[PDB]
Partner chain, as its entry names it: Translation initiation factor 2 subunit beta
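The chain that follows stands alone, in the form deposited without the partner chain, written as structure tokens.
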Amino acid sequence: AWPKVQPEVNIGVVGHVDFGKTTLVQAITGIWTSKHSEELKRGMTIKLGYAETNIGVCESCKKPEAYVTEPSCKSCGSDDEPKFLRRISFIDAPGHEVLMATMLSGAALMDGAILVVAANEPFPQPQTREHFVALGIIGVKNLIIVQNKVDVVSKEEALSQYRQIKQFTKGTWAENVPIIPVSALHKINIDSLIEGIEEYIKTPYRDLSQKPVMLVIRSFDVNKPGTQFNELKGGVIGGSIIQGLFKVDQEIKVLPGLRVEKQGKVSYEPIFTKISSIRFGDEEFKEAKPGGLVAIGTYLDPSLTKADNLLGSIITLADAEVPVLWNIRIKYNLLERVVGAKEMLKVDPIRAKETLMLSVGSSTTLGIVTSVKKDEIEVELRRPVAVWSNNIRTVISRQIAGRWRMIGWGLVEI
């Protein structure tokens, strides 16, 4: 039989709106990531979606057909059980420009990524570029480019686009990134994509000597309505472990924590709690490691976790020393152009007193520029940000024409 383990690697699925990301994830895993009513109604990804699958290989069969997502080699004639390779999971990003920030949060959780371009659309589009550049900046460079919807066009049209993609990636970090043509909707050439995932998105080395840190993107509760108000199950916090590992019954804290109001005034206090359960999808475990999206059950009052209240938080061991900053210094670099914009546009230099948006881990925060130099800015934050390490990248956005657009990036200096 195949073992029941947690996913050991996270793969982002990103790209311009409507190019078929969620359908691609479904073609691979059998799962439709959209769980919210607004998503189903509007036919769009809004919150980060998630899906897992085992990956295995039929050792006596021919590739790529030998790659399977279930323990059966029948499809290639063998009666032998396929060799289990690993369990993987997908972080399904929204393509809509207005949801760029969400993509950025998701990118903090990715070990690698798939960029979806549509074969029946002109390359390249605004969020094709924006997501590409974001991936580069954040360091998600184990990339596969998927040419989706090939069922819609002839082979020569798809090839013409392929040439365009090669031209675009040339002279960049992605020059040798593979391009794999599929039909997500009708499930064509999906096995070449599995093969490509095994070849180009290896499970990263996980440094065990690192303190446990989890980035939070979800929070909620498994409390069915009508449940007795003093028999309620504790709050659940969802996210991804980016370093170290967590274990059931560990004492943890949520940083910055909860918003405290004294009269008018607003401060933040760390939320201390204990891990009551660890869950990956539908399976329970005794420990949680990087790779996958984990649901950490706690003893917290459900009202503290309801409706993704803790999005952007981090979780650490109770006694970890973690700076929670209302002011930050960033060693920065601006893009030449606002890549996410429909019309070509130059990036204006940072100006004192202007409001910027900062993506740090899974958090998104507005701040006012208090100092500008050539290589560094200092920012006064509207809400504090937990900074768990010395080498954390931030992505910098500016509001242009009422739209938050990525304009640069930097290192948060402590």
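Residue numbers count along the first chain shown, from 1.
Would you determine, from the values in the PDB entry, which of 104-112 and 254-262 has the greater average C-alpha temperature factor? Stretch with the higher mean C-alpha B-factor: 254-262.
Tell me which stretch has the larger mean Cα B-factor in this entry, 203-211 or 312-320. Comparing 203-211 with 312-320, the higher average CA B-factor belongs to 203-211.
In terms of CA temperature factor as recorded, identify the highest of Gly226, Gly139, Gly95, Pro181. Of the options given, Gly226 has the highest CA B-factor in the PDB entry.
At the C-alpha atoms, which of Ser192, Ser89, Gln125, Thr273 reaches the highest B-factor in this entry? In this record, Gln125 carries the highest C-alpha B-factor of the candidates.
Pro290's Cα B-factor: lowest, middle or highest third of the chain? Lowest third, going by the recorded CA B-factors of the chain.
Using the temperature factors of the C-alpha atoms in this entry, rank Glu157 within its chain: lowest, middle or highest third. For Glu157, the deposited C-alpha B-factor lands in the middle third.
Using the temperature factors of the C-alpha atoms in this entry, rank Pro3 within its chain: lowest, middle or highest third. For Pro3, whose C-alpha B-factor we compare with every modelled residue in the chain, the answer is the highest third.
Where does the C-alpha B-factor of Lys247 rank in its chain, lowest, middle or highest third? Middle third by C-alpha B-factor.
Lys149 CA temperature factor, ranked by third within the chain: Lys149: CA B-factor falls in the lowest third of its chain.
Here the subject shifts to the form solved in complex with the partner chain, a form of this protein not shown in this document.
Here the chain is shown alone; which of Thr203, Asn189, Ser72, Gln243 has a heavy atom within 4.5 Å of the partner chain in the bound PDB entry? For this set of options, the contacting one is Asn189.
Contacting member of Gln147, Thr316, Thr102, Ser89, with respect to the partner chain in the bound PDB entry [4.5 Å, heavy atom]: Selected residue: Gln147.
Answer range among 108-116, 158-166, 326-334, 283-291 for contact with the partner chain, defined in the bound PDB entry as heavy atoms within 4.5 Å: That would be stretch 158-166.
Taking a heavy atom within 4.5 Å as contact, would all three of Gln6, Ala27 and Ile278 count as contacting the partner chain in the bound PDB entry? Looking in the bound PDB entry, the three residues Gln6, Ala27 and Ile278 all stay beyond 4.5 Å of the partner chain (heavy atoms).
So, in the bound PDB entry, is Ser183 in contact with the partner chain at a 4.5 angstroms heavy atom limit? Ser183 belongs to the contact set for the partner chain.
With a cut-off of 4.5 Å between heavy atoms, is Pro64 one of the residues that contacts the partner chain in the bound PDB entry? Close contact exists here: in the bound PDB entry, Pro64 approaches the partner chain to within 4.5 Å, heavy atoms only.
Does any part of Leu40 reach within 4.5 Å of the partner chain in the bound PDB entry? Heavy atoms only, please. The answer is yes: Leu40 has a heavy atom within 4.5 Å of the partner chain.
At the 4.5 Å heavy atom threshold, is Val322 in contact with the partner chain in the bound PDB entry? Looking in the bound PDB entry, residue contacts with the partner chain do not include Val322, since no heavy atom lies within 4.5 Å.
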